[PDB]
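Next comes just one chain, in structure tokens: the form deposited in one PDB entry.
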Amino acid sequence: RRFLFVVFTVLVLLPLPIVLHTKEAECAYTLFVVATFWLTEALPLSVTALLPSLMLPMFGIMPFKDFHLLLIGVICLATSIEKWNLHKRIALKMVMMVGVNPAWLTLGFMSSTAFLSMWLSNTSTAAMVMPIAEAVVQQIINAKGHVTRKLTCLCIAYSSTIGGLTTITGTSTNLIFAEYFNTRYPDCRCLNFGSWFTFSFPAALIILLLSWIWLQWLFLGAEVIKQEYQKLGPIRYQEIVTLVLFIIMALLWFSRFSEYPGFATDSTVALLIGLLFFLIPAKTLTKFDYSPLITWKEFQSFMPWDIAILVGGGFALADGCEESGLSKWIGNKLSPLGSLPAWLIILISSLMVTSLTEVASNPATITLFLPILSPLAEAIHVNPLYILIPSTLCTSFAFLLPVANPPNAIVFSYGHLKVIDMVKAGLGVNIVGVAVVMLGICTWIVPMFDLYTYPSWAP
């Protein structure tokens, strides 16, 4: 029907009243309705986040930091990159340098959006490169033509998903993990921009280079590209300063200094370079007056404000389940769960989140699964990073059917790509992604964070 999720919303609040007895059932009812509206997306993912703060007081259950500074500093750069169309110039420049094209054009279209989705969002990059890739494939073919379109679509979407890793500020499921982690463990200083990039870039490079070979074997065995570049025009003043500030912020992030009062952090670099976008004149004379590179309404458009509401709603639901009396019941109900090998819990939880993320949303899976796996990690006396590092990477591995993330729903709205093509292509990419994450969590991420010893910022 049409009015589906008004009657699905109002017709699950009616049978679910197990509420007509003790308090832990009243908290189970809140947990059920919030999880059901998060999984099915009947409400827009932050109206649901405000529902525990409405429903827990009526039953009787009662209750800025550096990551926000870094998020402000990266959104300031991303708004200027997307606004002045620098992101189209540095996508058509990676193509035409790699594009020898027996099969290197697929690698160029993968590497462009993989680099671009480290900074922008996956949805915006997948919506930007797909017209360019469609025009390039059309004007190369008009000079086997059906498999190139679906290969190009899948190589855009999957590599925009893969490039969405390697940065904490690259996807929303990374922002949610970082905001959960620095709130639950505020005595921990080992997770920042560079330490995330250092362990996540060797994984994503291997996943990209293996997915290229997999898709190129699965589907298949000059002036046409140097004409969409000249339709961009010449280079403007507003995107040379954005490029210079990009290069300066990038090589100031990864290069950490010597002095030590309090300001050698990443949020200092983020604010100190990203607040120059409001100040530097664009040479866009308002007419007596000038205009900057970035105004405040555009920043407010680009800034994710609902992520903090989502983290606060998840934390409120977790404390409601703690102080209501429910977590004791399911904690004494699941006592043989802590007699497992610690790597088997990694395996079953990673397969669980990467199976659930194919039909659910990427923030909705990780917001439900982080307060399940954190006290389990503290209880069985393993490192709480050892459990939570592979689960946030396996939640991003949404490569099957186009209901999981909007990156492969954008490339699906075009005429090509049957659903069985997406399923058969994304199954091998999911397999190699889980295999590379399992290799990494036992080979190179172990000495980087000392995962085999219980930490000191944990209870």
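Heads up: residue numbers just count along the shown sequence, starting at 1. Basically, rigid core = biggest C-alpha set you can superpose within 1.5 Å across the two forms.
Just so it is clear, the following notes concern the form deposited in another entry, a form of the same protein that is not shown.
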Post core alignment: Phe8 C-alpha displaced by 2 Å or more between the shown form and the other one: yes
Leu20: Cα shift of 2 Å or greater between the shown form and the other one (core-aligned): yes
Sense of CA distance change between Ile372 and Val10 in the other entry, threshold 3 Å: closer
Distance trend in the other entry - C-alpha atoms of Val6 and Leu368, change of 3 Å or more: closer
